[PDB]
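Just so it is clear, none of the values below were taken in a lab; they were calculated from the coordinates. For neighbour counting, all protein chains shown are included, and Cβ atoms are generated from backbone atoms with ideal geometry for every residue, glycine included.
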Amino acid sequence: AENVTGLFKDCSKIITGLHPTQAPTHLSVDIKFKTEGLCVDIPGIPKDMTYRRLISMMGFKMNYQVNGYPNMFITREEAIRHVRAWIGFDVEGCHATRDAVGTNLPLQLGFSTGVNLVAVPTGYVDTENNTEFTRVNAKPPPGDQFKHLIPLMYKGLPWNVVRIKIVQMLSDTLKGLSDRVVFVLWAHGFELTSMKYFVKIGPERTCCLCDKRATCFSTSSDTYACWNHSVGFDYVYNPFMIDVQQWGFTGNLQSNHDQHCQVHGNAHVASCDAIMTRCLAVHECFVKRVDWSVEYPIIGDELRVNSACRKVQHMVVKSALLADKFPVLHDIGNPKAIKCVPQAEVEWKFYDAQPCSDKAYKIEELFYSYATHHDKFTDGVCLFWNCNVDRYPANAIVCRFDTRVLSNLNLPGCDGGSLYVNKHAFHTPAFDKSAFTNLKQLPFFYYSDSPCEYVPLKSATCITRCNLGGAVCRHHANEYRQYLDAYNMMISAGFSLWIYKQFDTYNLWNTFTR
Amino acid sequence: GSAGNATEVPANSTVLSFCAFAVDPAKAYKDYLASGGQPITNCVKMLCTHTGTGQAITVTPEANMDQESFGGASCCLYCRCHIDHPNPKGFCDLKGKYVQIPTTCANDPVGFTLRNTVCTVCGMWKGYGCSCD
Ligand SMILES: Nc1nc2c(ncn2[C@@H]2O[C@H](COP(=O)(O)OP(=O)(O)OP(=O)(O)OC[C@H]3O[C@@H](n4cnc5c(N)ncnc54)[C@H](O)[C@@H]3O)[C@@H](O)[C@H]2O)c(=O)[nH]1
Ligand SMILES: Nc1ncnc2c1ncn2[C@@H]1O[C@H](CSCC[C@H](N)C(=O)O)[C@@H](O)[C@H]1O
Ligand SMILES: [Mg+2]
Ligand SMILES: [Zn+2]
Ligand SMILES: [Zn+2]
Ligand SMILES: [Zn+2]
């Protein structure tokens with residue numbers, strides 16, 4: 001008897017605090033006023049009219065169920081539900097060195113973003129009349145691995161600044177991506193502590209002048225705000241956070257992270273420490289294969305990419321069949337039967353690694369590796385449509401996403417891959433030219449076999465319904481201007497199209513013979 | 001490294017963490033009480049003659065057979081959670097004075113300081129009680 005936190009542990013070097021009034025807690029009042037487990041006022045031994053005591057902000061431990069108030073730590077599941085609301089956060093720090101000892105101050109903060117904010121050591125200090133948020137002495141940690149920290153003591157910046165810079169750097173990174181934040185962290189304790197500086201909490205609130213729930217708070221004038229519509233807002237209103245390590249990994253963060261991802265080399269800097277936390281987060285989550293029960297609402301124009309995507313597929317897989325007349329088409333990566341050109345004489349064989357259960361009688365269960373299968377499909381044509389892999393086989397029609405492009409749709413991942421979210425977030429390997437060694441790029445073209453039916457335009461490339469003439473034929477002249485639009489779009493969605501080399505625009509005209 | 005001197009006991013951990021973070025500390029507390037959660041304990045409690053004025057804010061403990069007595073700043077929520085004080089600048093009511101509470105109401109001293117306010121007439125509790133008004 002008895003146990004203690006210490007949260008708010010007194011870090012001052014004063015022996016003998018504290019008068020029974022101006023003593024925060026019974027626990028600390030000088031032995032001198034204590035008797036029989038009580039305290040008593042002795043006018044003889046006065047209260048000090050001047051003192052400064054550093055109160056430790058470490059050990060925050062918040063789990064409480066209060067009806068109007070949101071759990072700020074979320075389940076792995078609910079965390080997936082919001083992905084890239086995700087941000088990696090790891091704070092490096094410094095210890096209080098002179099007028100006091102025994103606590104940790106937030107020296108440098110870093111993020112999944114490249115950003116590193118450094119702050120002047122500051123802490124919470126008890127005086128006679130109040131608590132006061134104030135600059136403090138500090139020193140860098142002992143380790144030789146912490147030597148990179150030394151100069152940052154001078155570097156800046158006041159906390160009143162830093163919590164403002166934080167909210168913007170967050171505001172503009174999350175504005176179009178999400179309605180909330182989730183901080184993704186490896187050793188959560190210190191970062192929770194760091195949070196006390198910028199983060200205010202409370203029951204859900206709708207942003208001033210907007211429909212959407214509030215991200216930010218400004219003390220300058222009591223208000224709440226929104227990811228987009230905040231500015232000069234100092235505090236974050238209801239962040240969420242997930243501790244990755246709580247999923248029971250074996251070692252230190254870099255140990256596990258590096259098992260999977262080789263693209264992030266470590267320089268002990270906070271950012272880099274907080275990036276490696278997202279990787280693991282992403283890998284241990286989305287490189288398991290493509291769970292389809294998870295629905296990510298779209299903003300925006302995923303639909304116009306979605307349609308424009310199928311449209312282009314059908315067009316080229318129809319043509320490619322006409323052109324070289326393949327006996328069989330090997331469709332690799334088709335969970336559901338779903339012939340893309342529904343009417344073709346061709347044997348249509350399906351292969352996928354995770355075939356949807358109904359429609360599993362139609363499909364062979366298969367995992368394609370060029371090492372193993374470069375032999376195994378010779379006859380006919382192979383279709384890899386957003387089935388990303390070990391380098392593609394010589395006879396193939398493929399669509400691979402190029403990770404390098406950025407859009408609010410696609411997020412960073414491991415290792416160098418990107419997690420792509422349209423619906424059912426799709427993690428894709430990083431773009432590798434070696435994949436395409438056997439293929440060649442797909443030049444743009446149009447094909448329509450039909451009867452013909454605002455200003456007309458001639459196109460060197462469309463094998464067209466009617467080319468005897470110009471021939472702008474008002475029905476295809478419209479459709480070709482529409483299918484080139486939706487093709488120009490999916491290209492800017494980052495996607496690329498790669499075909500077997502033999503393929504020739506020409507052979508499509510011989511289907512016009514009779 | 002500890003390496004330091006401990007101010008607080010665990011049974012107040014969650015409760016304090018809450019209001020430290022909250023935008024409105026007052027609400028957060030009253031609510032935590034609603035949710036069925038335990039009130040802040042560990043306040044400095046005064047061994048007293050129990051004869052004296054009934055007044056709430058005094059420079060030395062003054063109690064009634066009705067009241068029990070507390071070192072003020074442990075009964076202060078803002079003082080206890082180490083966050084800014086509701087007075088605009090900057091200062092506390094209860095730090096450096098003793099606060100009095102009715103023995104029945106005494107279970108939740110931190111709260112009682114929020115819930116009520118002192119008559120500027122008799123310097124005594126309003127309703128718990130006061131002769132004025
Ligand atoms: N970087 C990556 N992007 C991917 C991946 N898979 C899909 N995508 C892209 O995200 C989007 C996700 O596809 P989604 O399944 O959510 O779109 P749809 O709602 O339009 O498909 P369905 O309505 O369920 O039906 C489509 C059927 O059409 C075929 N299909 C399936 N995928 C496609 C695409 N991408 N383009 C054209 N046609 C496609 C296939 O037979 C399908 O069964 C899509 O736009 C693609 O651009 C992927 O593994 N990596
Ligand atoms: N290396 C591989 N070998 C076989 N199937 C793979 C694979 N990599 C991914 N897949 C499968 O391909 C699918 C990726 S979704 C791609 C969608 C498909 N082109 C369509 O028309 O909708 C998943 O079912 C996954 O199980
Ligand atoms: Mg950490
Ligand atoms: Zn990585
Ligand atoms: Zn106070
Ligand atoms: Zn009165």
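Some points to look at:
- Gain upon complete extension [A:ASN228, A:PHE444; 0.36 nm per residue less C-alpha separation]: 73.9 nm
- Under 19 Å of direct C-alpha separation, and excluding same-chain neighbours fewer than eight residues apart, A:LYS175 reaches these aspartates and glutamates: A:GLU204, A:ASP211, A:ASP234, A:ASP301, A:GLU302.
- Projecting the alpha carbon convex hull of the range A:309-445 along each direction and taking the average yields 8.9 nm².
- Distance from the C-alpha centroid of the range A:214-228 to that of the range A:410-449: 39 Å, rounded to the whole angstrom.
- Computed from phi, the 3J(HN,Hα) profile of the range A:478-487 under the Karplus parametrisation 6.51, -1.76, 1.60 (θ = phi - 60°) reads 7, 5, 6, 6, 7, 7, 6, 4, 5, 7 Hz, with x in place of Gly and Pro.
- Debye, to nearest 20: dipole size of chain A, +1 on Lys, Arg Cβ, -1 on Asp, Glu Cβ: 980 debye
- Cut-off under 5 Å, modelled amide H: who pairs with A:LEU383 long-range: A:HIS330, A:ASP331, A:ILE332, A:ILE397
- Here is how the number arises for chain B: DSSP H runs of 4 or more residues each give -39500 (n - 2.57), the sum is divided by the residue count, and the result at 222 nm is -6000 deg cm²/dmol.
- The HN-Hα couplings worked out from phi for the range B:45-59 by the Karplus form 6.51 cos²θ - 1.76 cosθ + 1.60 (θ = phi - 60°) are 10, 9, 6, 9, 4, 6, 9, x, 5, x, 4, 7, 10, 9, 8 Hz, whole numbers, x standing for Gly and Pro.
- Relative contact order, percent, the range A:78-164 [alpha-carbon distance under 8 Å, six or more residues apart]: 26 percent
- MRE, 222 nm, helices only [DSSP H, n ≥ 4, -39500 (n - 2.57), over chain A, to nearest 500]: -6500 deg cm²/dmol
- The mean number of partner chain beta-carbon atoms within 10 angstrom of a residue's beta-carbon across peptide A:66-74 is 3.
- Peptide B:91-98 is shielded by partner chain Cβ atoms: per residue, an average of 4 of them sit within 10 Å of its Cβ.
- When the Cα positions of B:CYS48, B:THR58, B:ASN87 are compared along the charge dipole of the range B:31-89, B:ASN87 comes out farthest toward the positive end, with charges on each C-beta of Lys, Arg, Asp and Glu.
- Charge dipole of the range A:302-512 about the Cα centre (unit charges at C-beta), most positive-ward option of A:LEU409, A:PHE350, A:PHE426: A:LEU409
- The range A:1-91 shape via C-alpha gyration tensor axes, a/c threshold 1.5: prolate
- Relative protection proxy for A:261-274, B:55-68, from highest mean packing down: B:55-68, A:261-274 (other beta-carbon atoms within 10 angstrom).
- Farthest positive-ward along the protein assembly as shown dipole, Cα basis, beta-carbon charges - from A:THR134, A:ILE31, A:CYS473: A:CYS473
- Spatially proximal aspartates and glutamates relative to A:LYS359 (Cα-Cα < 15 Å; intrachain offsets below 8 disregarded): A:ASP331
- Hydrodynamic radius by Kirkwood, which averages 1/r over all alpha carbon pairs of the protein assembly as shown, in angstrom: 29.5 Å
- Rounded to the nearest Hz, the phi-derived 3J(HN,Hα) couplings of the range A:110-115 under the Karplus curve 6.51 cos²θ - 1.76 cosθ + 1.60 (θ = phi - 60°) are x, 9, 4, 5, x, 6, where x marks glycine and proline.
- Kirkwood Rh and Cα Rg combined as Rg/Rh, chain B: 0.98
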